[PDB]
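Structure record follows, encoded as structure tokens.
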Amino acid sequence: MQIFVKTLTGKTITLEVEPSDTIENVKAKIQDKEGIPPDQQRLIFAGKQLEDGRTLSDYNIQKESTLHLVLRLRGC
Amino acid sequence: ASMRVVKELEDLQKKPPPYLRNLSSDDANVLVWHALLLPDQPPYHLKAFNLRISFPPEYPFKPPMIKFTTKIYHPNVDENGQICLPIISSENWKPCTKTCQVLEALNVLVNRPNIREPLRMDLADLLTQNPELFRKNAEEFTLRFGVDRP
Numbered sequence: 001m002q003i004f005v006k007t008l009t010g011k012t013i014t015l016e017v018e019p020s021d022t023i024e025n026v027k028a029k030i031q032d033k034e035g036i037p038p039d040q041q042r043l044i045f046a047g048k049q050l051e052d053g054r055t056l057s058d059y060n061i062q063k064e065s066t067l068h069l070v071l072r073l074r075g076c
Numbered sequence: 003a004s005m006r007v008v009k010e011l012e013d014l015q016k017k018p019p020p021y022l023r024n025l026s027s028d029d030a031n032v033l034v035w036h037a038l039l040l041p042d043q044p045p046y047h048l049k050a051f052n053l054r055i056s057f058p059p060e061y062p063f064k065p066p067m068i069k070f071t072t073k074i075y076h077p078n079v080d081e082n083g084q085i086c087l088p089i090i091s092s093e094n095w096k097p098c099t100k101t102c103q104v105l106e107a108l109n110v111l112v113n114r115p116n117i118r119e120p121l122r123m124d125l126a127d128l129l130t131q132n133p134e135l136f137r138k139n140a141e142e143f144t145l146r147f148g149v150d151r152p
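One line per chain: the protein sequences are Y and G, in this order. Under UniProt numbering, read the first sequence as residues 1 to 76, first letter to last. Under UniProt numbering, read the second sequence as residues 3 to 152, first letter to last.
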């Protein structure tokens, strides 16, 4: 299913993931096209943080769901 | 603690770099430095940017937090005025390092943008696509929310 990943920069990308897709794998898919390291990838959905070991079924994520990607810059 | 800060300031106030002017302590704080950064890179060379150096009470064991007082349209600076300098980060810091060295690193990063690890993916992408368009936006901003060139 096609979901929408929107960064804090407004940049929204389309991602193809299945309900059984793990969040950690989702991060990899994002880095695959964008390049943002998973360590700095903080996916927020409906106010809840997506745990790496969780899947899209856990948080009940449907198609076209817009996720908010917060970048964790580790350089301060 | 503040003893070293006073020394560093006293030294820098005698032989200040060509890119650092109006360097003095805060009106009511010796642990706060006030200075105007003069970038040479275009179009930041049209104006100056004021920076505020905040020295921690655990100096020099704790790195001095430097932030921008003014607004600089740079892909390595945030909309508020925060920066990510590895030299004074919680991931890397040496008490033997003086503020003068940090100022140099800051100046280098302000002049030469880092498209590898930036603070603004939008500006970084733009810079690596159209330098002219980026220059236009940065220019108007510099001559809008920037301090006059000393």
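From the three backbone atoms N, C-alpha and C, an ideal C-beta is built for every residue, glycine too.
Where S4(G) sits in the DSSP three-state scheme: Helix.
Give the range of the beta strand (DSSP E) segment to which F4(Y) is assigned. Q2 to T7 is the extent of the beta strand (DSSP E) around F4(Y).
Could you have a look at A46(Y) and say whether DSSP puts it in helix, strand or coil? coil
Are there three or more Cβ pairs, one per stretch, closer than 8 Å when the stretch 54 to 61 of chain G is compared with the stretch 21 to 34 of chain G? The stretch 54 to 61 of chain G vs the stretch 21 to 34 of chain G: in contact.
Stretch-stretch touch, CB-based, cutoff 8 Å, three pairs: the stretch 28 to 35 of chain Y with the stretch 45 to 63 of chain Y: With contact defined as three or more Cβ pairs closer than 8 Å, the stretch 28 to 35 of chain Y and the stretch 45 to 63 of chain Y are not in contact.
Beta carbons nearer than 8 Å to chain Y: which residues of the stretch 116 to 127 of chain G have them? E119, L121, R122, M123 and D124
Are the CB atoms of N94(G) and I85(G) within a distance shorter than 8 Å? no
Provide the residue span of the beta strand (DSSP E) that contains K69(G), from first to last. Here the beta strand (DSSP E) through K69(G) covers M67 to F70.
Kindly indicate the opening and closing residues of the beta strand (DSSP E) around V34(G). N31 to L39
Out of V149(G), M5(G), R151(G) and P115(G), which one is the CA nearest neighbour of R137(G)? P115(G)
Tell me the rounded alpha-carbon separation between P59(G) and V149(G). 29 Å
Would the stretch 63 to 75 of chain Y count as touching the stretch 8 to 19 of chain Y if we require 3 or more Cβ pairs under 8 Å? yes
Put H68(Y) into one of helix, strand or coil per three-state DSSP. Looking at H68(Y) - three-state DSSP - the assignment turns out to be strand.
Is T9(Y) close to chain G, meaning its C-beta is less than 8 Å from at least one C-beta of that chain? yes
Going by alpha carbons, who is nearest to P152(G) out of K16(G), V7(G) and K49(G)? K49(G)
Establish whether the CB of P88(G) and some CB of chain Y are separated by less than 8 Å. yes
Would DSSP call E16(Y) helix, strand or coil? strand
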